[PDB]
């Protein structure tokens, strides 16, 4: 019943490989509030890593879950079907962008969704290679670790991950990688390592998550769509983190002016219950023969009803508009703090997928990982839970529930401001 006592028990019972960002054991939570085992209250700006866009235990979501719990929790869909799985698939087919008919597969984790999107693209194109981008993050299974553009620590010490995954550059002007450089890096793969006829898919996060909250511009995404179209390559949009409304539209691709062939989703789709999925061009989804897709827990009944309710909540509570309003208030406030702290070299974000990036004395070539970690620690001491990201660990991101109250927005920005003021001296 103390965080420290539980941390000691953790070190003796759980491998050190599972890191602990905050050495705190949560006991209960509601919307943006979390209480630890000692009764201390925190304001949650991490949202369980973008999983709680509708807040901890949204009452509508919980009541849907409680009703399903009276019916059944598991049959394994492939054995005996159930309606919540079917209804969610129909809804995702309508909401994921694309003017063609789509089909949806439900699985359980984001890594599984990416795994399956790739398998489907391979079966549909009869090709085996894939292309992913620098700083990308797609999961912790062997193949998704290969797709993830970061070896340490995700796959550190394990030897080489699966081959035949080629690396393109993610466009990022802030750090000198132009859209031209990014597209040229894909043609480079075609010419040097894997011809287009051997590439089943190009996988991309419309807004990189663990990679630093860097967004693709519609122009880049349009050139990418054209390049895939030219070569029969499937464009896979990994919206596990950017999806379920974080960017102000349900899916970030809606803001890109083009539709991907396959979209993966998870995290906030079910507001705190284990569910993930893949929605894409119906004929591409159907390339795999019966028995080729599935999973024991896939599309768990309770999680399906939670997701159907999350989508209803977005509509009833106009959370997309709130995401945009929230993002503006956050950026306005961070820009204000940036006026007094040159270390804040960039304030950015689509909708509520907001981040700031820190540099030693403002030099874009010197990521300040130290100040970043210090701000995360100081915030925690003030009762605010934050996460950093980026290949250089100098990006601070905000993933607070879209259901946050106005007073809490001011409260969080004030704490952050205090952390930077106090970090000096």
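Residue numbers count along the first chain shown, from 1.
Per-stretch averaging of Cα B factors for 278-286 and 318-326 places 318-326 on top. Between the stretches 80-88 and 340-348, it is 340-348 that shows the larger average CA temperature factor. Which of 69, 400, 373, 57 has the largest Cα B-factor in the deposited entry comes down to 373. Ranking 178, 296, 241, 93 by the C-alpha B-factor listed in the PDB entry places 178 at the top.
The deposited CA B-factor of residue 133 belongs to the lowest third of values across its chain.
Among all modelled residues in this chain, the alpha-carbon of residue 171 has a temperature factor (C-alpha) in the highest third. Placement of the Cα temperature factor of residue 139 within the chain: lowest third of the modelled residues, per the deposited record. The deposited CA B-factor of residue 332 belongs to the highest third of values across its chain. In this PDB entry, the Cα temperature factor of residue 18 sits in the bottom third of its chain's modelled residues, the lowest group.
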